Structure formats: C-alpha cells, structure tokens
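Enquirer: Sequence plus experimental coordinates follow:
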Amino acid sequence: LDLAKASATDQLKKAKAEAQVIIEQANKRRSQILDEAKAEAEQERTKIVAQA
Amino acid sequence: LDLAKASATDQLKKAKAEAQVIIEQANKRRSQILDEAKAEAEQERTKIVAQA
Amino acid sequence: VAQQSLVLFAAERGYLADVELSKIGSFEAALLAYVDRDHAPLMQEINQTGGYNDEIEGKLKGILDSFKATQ
C-alpha cells in the first residue's frame, strides 16, 4: 500500500508537473506567435495603408 | 494505509485540478495580453494610417 | 477550404461531444485549430482535393485526438 501510494503520488506529481510545464511552454509559444502575428499584421496594415 | 492512500489520491486530484486551473488561468491571461497587444497594434496602425 | 476537414472530423468522430459548452468554443477552437494547423502543414493538402480515405481518418483522428486532448 505504501509502495503503490508512493508510486501513484510520484506518477501523478510528475504527470501534473510535466503537463503544467507543457502548458506553460505552449502558452508562451502561443503568446510569442500571437505577438509575431500581431506585428506582421500591423506591418502589413501599415504597408497596405501606405499603398492605399 | 487507507488514510495514506485516500489522502494521496485526494492530494493528487486536488493538485491536478489546481494545476489545470492555473494552466487555464495562465492561458486566459496570455490570451488577454495577446488581445491587448493586438488592439494596441491596431490602434497604432490606425493612428499611423491617419497620420499618413 | 478548411470547412470539410474541421466539419468532417468533430461532427463525425466525436471530438465536438467533449466540448459542447459555449465558453469552451474559443479556447478549444483556437487552441485545437492553431495547434493542429500550426503543428502539421500537410493536413491542408487534404483540402486540395477530395479525401475520405486513410489520410482523412488518420489525420482527422490524430489531429482531433491530439489537438482536442492536448488542449
């Protein structure tokens, strides 16, 4: 019971930590991609405004 | 053994729910920051278009 | 041309049954659509012709299960 409880607690803590790290990396990559897409959209809107 | 297994399962479920809620709050904050940055870039592009 | 790939997977297999709420449509649609569309550029090639074969079931099942389960 102590080995199964320690293994389940360690596996749940490692899975929750890996899921939290993957969610933080995915949120940071999504925020950086959203910032790059916003900068590219602002540059394209400025170039289209200058051409118009 | 029963109290340790029940406390380990409840602590693992509460840690997983808290980590998922923290990941959802971090994703919502990153989406709000990306929306604010996109709105600021759109306002700067509109001001640059009006100045042009 | 992404209406057949997104409409023939969530409304056929069972990816839209797990997120039937109105508040989960923006996070699930944006996270699953941006993660699945950004992590695999070959799936868009499936929209270049017909489909309904091994690439539609494999790409729709893997992209819908990985994108819907990894969000």
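Expert: Okay, I see it. Numbering: from 1, shown residues only, chains lettered A, B, ... in the order given.

Enquirer: Can you confirm whether the helix or strand harbouring residue A:42 lies near chain B?
Expert: Using DSSP states H and E, residue A:42 maps to helix A:2-51. Yes - judged by CB under 8 Å from any CB of the partner chain, helix A:2-51 comes into contact with chain B at A:2, A:4-6, A:8-9, A:12-13, A:15-17, A:19-20, A:23-24, A:27-28, A:30-31, A:34-35, A:38-39, A:41-42, A:45-46, A:49-50. C-betas here are computed from N, CA, C, even on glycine.

Enquirer: what number of residues lie near residue 7?
Expert: If you meant another chain, say so; for now it's chain A. Neighbour count for residue A:7, taken as other CB atoms under 10 Å in any protein chain shown: 11.

Enquirer: Not quite, go with chain C.
Expert: Neighbours of residue C:7 using other CB under 10 Å come to 11.

Enquirer: Could you report the separation of it from residue A:10?
Expert: For residue C:7, the distance to residue A:10 (CB to CB, to the nearest Å) stands at 43 Å.

Enquirer: go on, residue A:3?
Expert: Taken as CB to CB, the span from residue A:3 to residue A:10 is 10 Å.

Enquirer: and if you look at residue C:12?
Expert: 40 Å.

Enquirer: picking that back up, compare residue A:3 and residue A:10 and say which is more crowded by neighbours.
Expert: residue A:10 (12 against 7).

Enquirer: What's the separation between the more buried one and residue B:12?
Expert: Distance from residue A:10 to residue B:12, by CB to CB: 10 Å.

Enquirer: thinking again about what came up before, relative to helix B:2-51, how tilted is the helix holding residue A:42?
Expert: Angle, helix A:2-51 to helix B:2-51, by axes from the mean of the first three to the mean of the last three CA atoms, to 10 degrees: 10 degrees.
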